[PDB]
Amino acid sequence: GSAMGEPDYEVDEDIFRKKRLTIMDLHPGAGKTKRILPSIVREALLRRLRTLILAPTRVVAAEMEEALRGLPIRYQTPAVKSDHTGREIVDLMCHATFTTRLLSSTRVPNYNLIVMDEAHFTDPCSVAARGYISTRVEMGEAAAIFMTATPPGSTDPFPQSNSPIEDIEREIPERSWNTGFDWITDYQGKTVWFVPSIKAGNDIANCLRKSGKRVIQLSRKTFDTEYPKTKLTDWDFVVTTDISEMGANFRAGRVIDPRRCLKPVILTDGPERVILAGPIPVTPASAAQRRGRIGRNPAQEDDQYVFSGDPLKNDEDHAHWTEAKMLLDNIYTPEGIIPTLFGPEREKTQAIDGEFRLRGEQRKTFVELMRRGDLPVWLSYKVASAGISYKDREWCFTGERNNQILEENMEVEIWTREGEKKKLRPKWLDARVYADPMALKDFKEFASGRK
């Protein structure tokens, strides 16, 4: 038994058995991250188990550190700074960090216990990680615990909460607004507002500030200096991307959720390419996670969730299912086994197995294009499997006529390392490297030979 949000003395021996995958399917705010996880970790240390803890984002990682503070844990994330002796048997890192380590030339510890928090995360690295973890369990090499309020197959956008939630459907502005949305600024409590992009977040946040509102902007770019500020009394609005979709304990009163996002889609009609489709409705699991940011305080009973529109459950055309398989086909078990996708996430798209297997230098190039080149999984796969080296940027110019990249209606020119002037016309098109002007600048640096 336990009290005071403190960990339970009693932990089930069942969850530590090899060949055992435990799905902890508990509602938002039940105590997965900050009460259950510490109990498991303390009991893992006593059992002397080589242990891996996985967070989807740095927001979840920071939440974990608060609960795990004092324990001999090795943090492998910029989100947390702590002294490490080097003899820690418990490692903590993000989902994508682990997949990266699995794809790189050196070698993950042989964990016999793996705890993945937010085991529904649809980021391609997270899906591939679940594939690895579930084969390790199947082989009898590890015990694993998957913690999530929205396990695969979740259709309920309004799950159980610690406190009653007032669900309100209203129109929500995507852009700045002069007028017509007084309900946003008339509210007295603290609001968490989910935006599909940092661009949209910028022009919504400066719109709120000119109304004398204290606004914190959260994303991958501002996390470091800004997340400690949410752990304060000095804010009205948190305008956040999906970095805060999971795990966050903002201690707020309201979530504004437009329930929209841009989705990468692989197009198969004609030459294969990636587009950014949408904005389209988010999944029921995303809506449920976002709503899960509030109604967490049993002493605070009038929290609000303001949303717009229905969710869209069908995401089979989302590129993350192909890309997860592109990664997992190149990940190997120490025994030699390529892992298969976690049960519930199989046949989201037409497999077939080992289709994305890369050889020798191609697998290294594949990883290098993602980690050093900052290119998406699909694009990196296409370049690597064509036998192109990481530093060979020819493919950025040899695309068919229709692949010519435009910026402000003008044909993009690249000046190369050697002073050639060439039109940006890549052989493979991925809208993620050209849609946003900031993304395109980075891709222009890549095409130059300067990345």
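We number the residues from 1 along the sequence you see.
- Mean C-alpha B-factor is higher over 347 to 355 than over the other stretch, the pair under comparison being 347 to 355 and 253 to 261.
- Relative to one another, 80 to 88 and 241 to 249 have unequal mean CA B-factors, and 80 to 88 is the one with the higher figure.
- Remark: of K210, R291, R296, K325, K210 shows the highest value [criterion: C-alpha B-factor in the PDB entry].
- Per the deposited record, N206 carries the highest C-alpha B-factor of all listed residues (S380, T97, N206, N162).
- Per the deposited record, the Cα B-factor of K19 falls in the highest third when ranked against the other modelled residues of its chain.
- In this PDB entry, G373 carries a Cα temperature factor that places it within the middle third of its chain's modelled residues.
- Among the modelled residues of the chain, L232 sits in the highest third by CA temperature factor in this PDB entry.
- When the modelled residues of the chain are ordered by C-alpha B-factor, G449 sits in the highest third.
- When the modelled residues of the chain are ordered by C-alpha B-factor, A386 sits in the lowest third.
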